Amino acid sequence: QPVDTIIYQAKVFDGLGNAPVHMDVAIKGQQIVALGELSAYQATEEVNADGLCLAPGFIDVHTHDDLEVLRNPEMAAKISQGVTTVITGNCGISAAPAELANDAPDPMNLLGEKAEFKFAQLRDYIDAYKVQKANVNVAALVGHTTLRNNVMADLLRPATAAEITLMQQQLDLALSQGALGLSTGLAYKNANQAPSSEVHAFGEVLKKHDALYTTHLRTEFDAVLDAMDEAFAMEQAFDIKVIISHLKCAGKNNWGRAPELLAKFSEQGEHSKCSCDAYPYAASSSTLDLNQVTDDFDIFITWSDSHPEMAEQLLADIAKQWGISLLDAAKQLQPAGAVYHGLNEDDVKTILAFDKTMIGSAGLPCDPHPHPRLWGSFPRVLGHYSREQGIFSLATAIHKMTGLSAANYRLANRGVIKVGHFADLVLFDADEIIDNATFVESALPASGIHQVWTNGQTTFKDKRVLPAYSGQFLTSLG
């Protein structure tokens, strides 16, 4: 009869894009137990949300937090943005199922150091998660590149049919053990020689488990539209849910092509369930890639193992100091991290406004000077693009990081403020919410978020990240 907590008089967004409704929200244990008029109800704790907004906890659909959640269960970078659930294992790289013969192949170093990959089966990863749990829920995809590395010593080639068969079985086992689906990162060196038929070889296993396919496209530059055909073909052949990761048209050649990306979804054929996600910035981030070096836009070096004295500098400035070309400078800087200001802001706005588009940070948790998307993505959508820019309403912005995302990833009883769903919740000031992380100060926490609950326990409150550790591993339904 009594409940743990009642949030009073918040402006409540249900997560479905519907208009907010002023009402009260009752939490008991892990669940939203009552909605609406709750002065009758008996609550241990009472939260005065007057002048504030309540929304479902934010679902970061594009993370590389596979190992971060284990090293850093508090997950301040995500929790301080209001993120209550992370989707791990993106762009073909995951922490499990993985056995490392030698070093971790590029770009698996984005996840952690070689010694951290102790999860040969997915269940070992889940068990590792369950030791402490974390402030966020975890739903895990399996990385295609990671699977290739399990069965290939030389990755600069297609897998053999027999290697494909091994990987199928590894994926199938991972899917049975809880994984949500498969991800690829076909633009990366160690996956790029994987033909489309190799990716196709996973479709029957995915369909069997009613699992997801997500893809960092084979290219995001001139031939991005050809690369999207590959993703759609997965959906056409197998009728599975497909999500194109951090949708963009990168490169000076391609600025203004966002309408073409949108119209490309008209070529899906029979089905039309393909989705996508983006981060709210006109700059990408990854390791320094010689193929992306250009003087067409700013490229900012975030770290260099060869030349750490040149970290946090523009490639053009490093090149000038060094008396050599940008490409030659980049070569001497490798291995290195970079922020590539390769995208056009109007393209970003259009891709963000696209109703298929979920918000994902693509935060890189191992970068010593991260792209600020690691710390600002979700409040930037809410404060910058919604409130300030007016690209979309607050209900729309919230929908694209809660209900749309729970639906597309089939996260049961999450992403929506509804009775009987889990109490992942964020309490924030619609007028104050904003990202503070800049390209210079990229770990500055966002403003305007007052309180976060993961599964009914408070993981953030009044600028403090709290180690409730109430997240769960969200195992796939099958």
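Just count from 1 along the sequence shown to find any residue number.
Asks: Give the stretch, out of 58 to 66 and 40 to 48, with the larger mean C-alpha temperature factor in the deposited entry.
Replies: Result of the comparison: 40 to 48.
Asks: Averaging CA B factors per stretch from the PDB record, which one is higher: 207 to 215 or 265 to 273?
Replies: Of 265 to 273 and 207 to 215, the stretch with the higher C-alpha B-factor average is 265 to 273.
Asks: Among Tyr281, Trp375, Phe221, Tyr125, single out the one with the highest C-alpha B factor in the record, please.
Replies: Among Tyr281, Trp375, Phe221, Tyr125, the highest C-alpha B-factor in the entry belongs to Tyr125.
Asks: Between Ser183, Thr396, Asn190, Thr302, which carries the biggest CA temperature factor in the record?
Replies: Spelled out: the listed residue with the top C-alpha B-factor is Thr302.
Asks: Taking the chain's C-alpha temperature factors as the reference, tell me which third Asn18 falls into: lowest, middle or highest.
Replies: Highest third, going by the recorded CA B-factors of the chain.
Asks: Please say which third, lowest, middle or highest, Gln9 falls into when its CA temperature factor is compared across its chain.
Replies: Its C-alpha B-factor belongs to the highest third of this chain's values.
Asks: Would you mind ranking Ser176 by its C-alpha B-factor against the rest of the chain and naming the third, lowest, middle or highest?
Replies: Answer is highest: the recorded C-alpha B-factor places it there.
Asks: For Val199, return the chain-relative third of its C-alpha B-factor as stated in the PDB record: lowest, middle or highest.
Replies: Answer is lowest: the recorded C-alpha B-factor places it there.
Asks: By the recorded C-alpha temperature factor, relative to the other modelled residues in its chain, which third is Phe354 in?
Replies: It falls in the bottom third of the chain.
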